[PDB]
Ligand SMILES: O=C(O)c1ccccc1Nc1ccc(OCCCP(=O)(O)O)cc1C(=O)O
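Shown next as structure tokens: one chain only, the form deposited without the named molecule.
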């Protein structure tokens, strides 16, 4: 195996052989790959049109180098709530959804990161709320048990990935690496709500989760958002029993009104943090509807471990988690945990 071999096969518009993608990623995750080599592989992989197997191999190598949590500290039915990002458009729907879902009794372990293209990101907003994001495996495990939620800071759990992260910021363009985020949660939850900004690559991610036999809903808003949108219909690749099925989704059937895309606008960590306190404070509006919708999506995924009645219960549990104030309190206990 070598760089000329692998890179040459891609430029010829051919799919890689089994195991070649793994080799390339291991060279990167061990510091035996110069930036030039990293960039060439990332671009070539993207333009060739990657397969589920190829992307699956990349994520597998990252997890094998990642810091794991202590044995038997992660529940069997833990869920993730995270997106690829890079939609170009907003408030932190995934982070807000995560708090609600956790408060509803579903164990959540988020694997997030700072912003890359947006004015603010998930981890950035959590830091602005006083949450300690840079905790080690032992403490993340304690947090999950004592609070009901844990946050895995990618740079701390994937320290060997820093070389690849540097190259990404230099080339600046979206690549296959932009898909690896949701696919490399070090806690390894078996369920989650996974957003994808790239419509022509969502089916691929769904394939990767299908191989792991996970219960996941890969979602893409017809308006382009990497979330379950309320401004129009959405596409959903439901993953269950290792089987993917493509379906169109419309929340208007449940009773959600249509919203404009500007009504879901956001800003910096300070402004987005305020949007979190507002929604968790019980404020109604288009932002709330987006959070409840996504939170329900994560609960439907959790249940996958009927279709319509699952959404009804999901929407019901999500709303109640907010209105009782359980979501607001859970956040407070999350902060106090870090200070102790």
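Residue numbers count along the first chain shown, from 1.
The entry models residue 128 and residue 129 with no unmodelled deposited residue separating them.
The entry shows an unbroken chain from residue 283 to residue 284, with no unmodelled residues of the deposited sequence in between. Taking the PDB entry as given, 134-142 carries the higher mean Cα B factor of the two stretches 134-142 and 91-99. Per-stretch averaging of Cα B factors for 293-301 and 26-34 places 26-34 on top. Within the listed group 215, 234, 160, 231, the record reports its top CA B-factor for 231. Across 195, 121, 150, 192, the greatest Cα temperature factor reported in the deposited entry is at 121. Residue 16: CA B factor lies in the highest third for its chain, per the PDB record.
Compared with the other modelled residues of the chain, the Cα B-factor recorded for residue 306 ranks in the highest third. Residue 53: CA B factor lies in the middle third for its chain, per the PDB record. Among the modelled residues of the chain, residue 254 sits in the highest third by CA temperature factor in this PDB entry. For residue 71, the recorded CA temperature factor ranks within the highest third of the chain's modelled residues.
As for the form solved in complex with the named molecule, it is not shown, yet the points below apply to it.
Residue 137 falls outside the set of residues with a heavy atom inside 4.5 Å of the named molecule in the entry with it bound. Using a 4.5 Å cutoff between non-hydrogen atoms, residue 236 does not count as a contact of the named molecule in the entry with it bound. Taking the partner from elsewhere, residue 155 is found to have a heavy atom lying within 4.5 Å of the named molecule in the entry with it bound. Using a 4.5 angstroms limit between non-hydrogen atoms, residue 231 is distant from the named molecule in the entry with it bound. Checked against the named molecule in the entry with it bound, the candidates 162, 258, 246, 213 yield a single residue with a heavy atom inside 4.5 Å, and that residue is 162.
Between the named molecule and the residues 251, 221, 181, 148, the one pair within 4.5 Å by heavy atoms in the entry with it bound involves 181. With respect to the named molecule in the entry with it bound, the three residues 62, 111 and 168 uniformly fall within 4.5 angstroms at the level of their nearest heavy atom. In short, of 140-148, 199-207, 181-189, 238-246 it is 181-189 that has heavy atoms within 4.5 Å of the named molecule in the entry with it bound.
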